[PDB]
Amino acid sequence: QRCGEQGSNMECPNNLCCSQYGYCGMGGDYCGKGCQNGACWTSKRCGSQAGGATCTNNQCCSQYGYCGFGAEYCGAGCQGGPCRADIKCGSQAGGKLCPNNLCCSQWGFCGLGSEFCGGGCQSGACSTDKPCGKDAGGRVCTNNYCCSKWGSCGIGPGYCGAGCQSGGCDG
């Protein structure tokens, strides 16, 4: 039921607002004063206007640095999220990563889906399970993902916790 700061930065389904207390719902007590994520009445700031912060809920960051959905947000000047313009990444784009864990396809475009995350995926949430660590020549994962004790890349206590080899380890 908990969302936001009280719930590991989780997000409510269906664009429901996460209230100042960290519960999901709709209306003033959720989307008004203190809303943390979802369809907040005061849109969050993002991009160049907000020190490079990204939007939550896979929203688009507009040219003016507000998060939302629709042409004004995702169309021209969109700075982040699922922008209408194709988003370049990977070896085709100076090794740039995809935001929000999206997969960088073999062709250097950001998305999710087997075309992006399957054979040839360069970074992000690739489904292809490349070994890391001491039994894989010291290879580190992409995206600063944690290399687990068993030499697999991921995020979560099994990866970043005790026995983590590289990446965003706990300690």
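All residue numbers refer to positions in the sequence shown, first residue = 1. Between two forms, the rigid core is the largest collection of C-alphas that superpose within 1.5 Å.
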Note: with structures superposed on the core, the stretch whose C-alphas sit farther off in 4 other deposited structures of this protein, 133-141 or 34-42, is 133-141
109-117 versus 62-70 - greater average Cα B-factor per the deposited record: 109-117
For the higher mean C-alpha B factor in the entry, choose 99-107 or 37-45. 99-107
So among 31, 125, 140, 55, who wins on Cα B-factor in the entry? 140
Chain-relative C-alpha B factor for residue 12 (record values, thirds): the lowest
Lowest, middle or highest third of the chain for the C-alpha temperature factor of residue 153? middle
